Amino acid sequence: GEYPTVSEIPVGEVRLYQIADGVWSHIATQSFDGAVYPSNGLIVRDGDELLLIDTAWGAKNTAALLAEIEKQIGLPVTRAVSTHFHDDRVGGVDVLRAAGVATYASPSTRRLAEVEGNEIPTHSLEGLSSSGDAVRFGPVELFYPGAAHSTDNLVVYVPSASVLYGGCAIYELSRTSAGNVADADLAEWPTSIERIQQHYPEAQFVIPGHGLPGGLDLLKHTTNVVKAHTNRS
């Protein structure tokens, strides 16, 4: 149905959106600099358990996310993966850890999170140190496409449902301007996007880090936005 928008989600609340069977996205809202922003994560069913991808951007949001998951799906979230080190992906890891969730991130993400003073996922994800690396983690595949939105960003693919979760390295179609690119690699971002396209050409649903899902067109759109911002246009 109608994908949850930022104007339909109260402060501190979380909505779930079933993309395919056993694949949900969780949508929360955060406000800063006078504007309010939506944010996406992923929930993938893993037998009788659930694998969570990224927090709900904040401790209060994440606590509500776990409560919503508990009320809606009613299956235990045993593992969680943060796709990069910024607050919208690791903010709430301490809440997850306190509830017994095992938190995971690449060694690059954990290091950059500690330097930033953010919350630090406990477990380290091996085998994702070089561009193009891919490892299977439960019911999903983790992919390091190279530096883009950040040097450590990962993308997540669900081969059971052909769902690609790009994180903040992928923009929604309505977004035509780059955001917090302070830690981005504008020079490598388009090349990293092409690695995603080359590795997941069969993806049917593409989930951006923020906003409405779509198809693989979101990849070229992100490349166009990054190239436009590169030339200061």
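For every residue, the number given is its place in the sequence shown, counted from 1. We call the rigid core the largest set of C-alpha positions that still match within 1.5 Å between the two forms.
Comparing the two stretches 200-208 and 175-183 by root mean square C-alpha distance in 9 other deposited structures of this protein, with all structures fitted on the core, the more displaced one is 175-183. Two stretches, 27-35 and 163-171, are weighed by how far their CA atoms sit from the shown form in 9 other deposited structures of this protein after rigid core superposition; the farther one is 27-35. Taking the PDB entry as given, 71-79 carries the higher mean Cα B factor of the two stretches 147-155 and 71-79. Of the two segments examined, 214-222 and 14-22, it is 14-22 that shows the higher average Cα temperature factor in the deposited entry.
In this entry, the residue among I170, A64, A182, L51 with the greatest C-alpha B factor is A182. Remark: of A56, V206, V36, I196, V36 shows the highest value [criterion: C-alpha B-factor in the PDB entry]. Sort the chain's modelled residues by C-alpha temperature factor and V135 lands in the highest third, per the entry.
Ranked by C-alpha B-factor against the other modelled residues of its chain, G47 falls in the highest third. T109 sits in the lowest third of its chain by CA B factor, as recorded in the PDB entry.
Remark: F32 belongs to the highest third of its chain, ranked by C-alpha B-factor as recorded. In this PDB entry, the Cα temperature factor of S129 sits in the top third of its chain's modelled residues, the highest group.
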